[PDB]
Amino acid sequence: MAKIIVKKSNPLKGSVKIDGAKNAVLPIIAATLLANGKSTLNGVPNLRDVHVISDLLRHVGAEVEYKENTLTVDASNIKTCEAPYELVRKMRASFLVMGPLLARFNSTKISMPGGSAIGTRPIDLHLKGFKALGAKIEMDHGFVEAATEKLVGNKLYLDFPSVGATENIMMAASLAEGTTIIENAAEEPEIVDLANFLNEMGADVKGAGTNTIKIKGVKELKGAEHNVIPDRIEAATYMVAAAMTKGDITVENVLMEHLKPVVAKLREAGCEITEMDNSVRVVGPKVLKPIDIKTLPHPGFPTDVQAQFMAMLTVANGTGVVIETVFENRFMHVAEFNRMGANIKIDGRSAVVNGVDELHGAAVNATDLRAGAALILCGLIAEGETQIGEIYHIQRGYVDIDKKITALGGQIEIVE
């Protein structure tokens, strides 16, 4: 089956345009279900996960059309409020329709997400918030059912600043009676994008991007036009590629405010970075300095760039420590890095990376979206040729990584 073949490449040089954020667009597409009218989303990345959540909206009866990075949704005449097992199993972000469906029809039944490549990921905090708003919760044979005679705004505390729980609860709160306060909210940039979209539809959401979000419920929302933010994780991926290949890349159509920790840590590794209004230039160092990273809730270092930074560290000039505080099992890629000649030892949530002279091409498998991109970055610097399998992991969340890297001078080909 399909492989990505990467060869030892030239230093990456040139400009790369970043697509719209996968992780902004998925909750914002769920949010269109809140409105009795037609929404228009611009800057939608042409990814399989976008087309899966689109098909879940079609399943509940919304009208969806996609063309040329625009998606329109008419949620005027939703029929059903069930998310079946197949669609949640395909893409767990499907779970983000639970808040809007509960808000629009006072009842929803959603398949409970199972195992995930990067850890055991409960959705207890989503349910905690729905219960706080007056929903009764019950489990039926793998489905979670939430129902109320009416949502009522309430204060609620998140035990962890969950991105998904913050999104799901903000969307349910947008149509509730009265004021909801989310304490210890996720501060991720996608939370601010979703809030901005809710407000464009007529909502009253304040404090997004801060540790406390206040939602004053409205009776009805209306479809609106929205420009999705750029993908800060895709941007980070190309910035690391510049660092690893001693390259010089200008990343275009980005927001520097969303990239702070990645810029800081790349500068600590020895990159020369020039931040501009709509773009950032990264010049890789001749010798990578070893750095430590610790993944944390935004604006701490993002777990979605952990595997890629770990890849950079495999050839750094000394010992780096990677601590993963956000996910339990997000080290499955380590054994694949080790096949390419890395020196990585893990215990608990920490991985000790002892820099080596160079990596050596090998047959490797992508284990998840971000680790697969990290294996491409390894392949760009590994002596010889690297063959990456299980490439659906990569292709679901990166637009045309082969064409983008090819335009920067790299040697990469997808083969079927």
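One-based numbering along the sequence shown.
Between 219 to 227 and 183 to 191, point out the one with the higher average CA B-factor as the PDB entry records it. Higher mean C-alpha B-factor in the PDB entry: 219 to 227.
Taking the mean of the C-alpha B-factors per stretch from the entry, tell me the winner out of 138 to 146 and 312 to 320. The entry gives the higher C-alpha B-factor average to 138 to 146.
From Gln306, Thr166, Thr237, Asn77, which pick has the Cα B-factor that tops the rest in the entry? Going by the entry's C-alpha B-factors, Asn77 comes out highest.
Among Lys246, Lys345, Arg232, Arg330, single out the one with the highest C-alpha B factor in the record, please. Among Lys246, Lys345, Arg232, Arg330, the highest C-alpha B-factor in the entry belongs to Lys246.
Using the B-factors in the PDB entry, rank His51's C-alpha atom against the chain and give the third, lowest, middle or highest. Highest third of the chain for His51's C-alpha B-factor.
Can you tell me which third, lowest, middle or highest, the CA B-factor of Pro299 falls into for its chain? CA B-factor rank for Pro299: middle third.
Using the B-factor values recorded in the entry, state whether the Cα atom of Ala62 falls in the lowest, middle or highest third among the modelled residues of its chain. CA B-factor rank for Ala62: highest third.
Just say lowest, middle or highest third for the CA B-factor of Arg370 relative to the other modelled residues in its chain. Ranked within chain, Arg370 CA B lands in the lowest tercile.
When the modelled residues of the chain are sorted by Cα temperature factor, does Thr70 land in the lowest, middle or highest third? According to the entry, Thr70 has a C-alpha B-factor in the chain's highest third.
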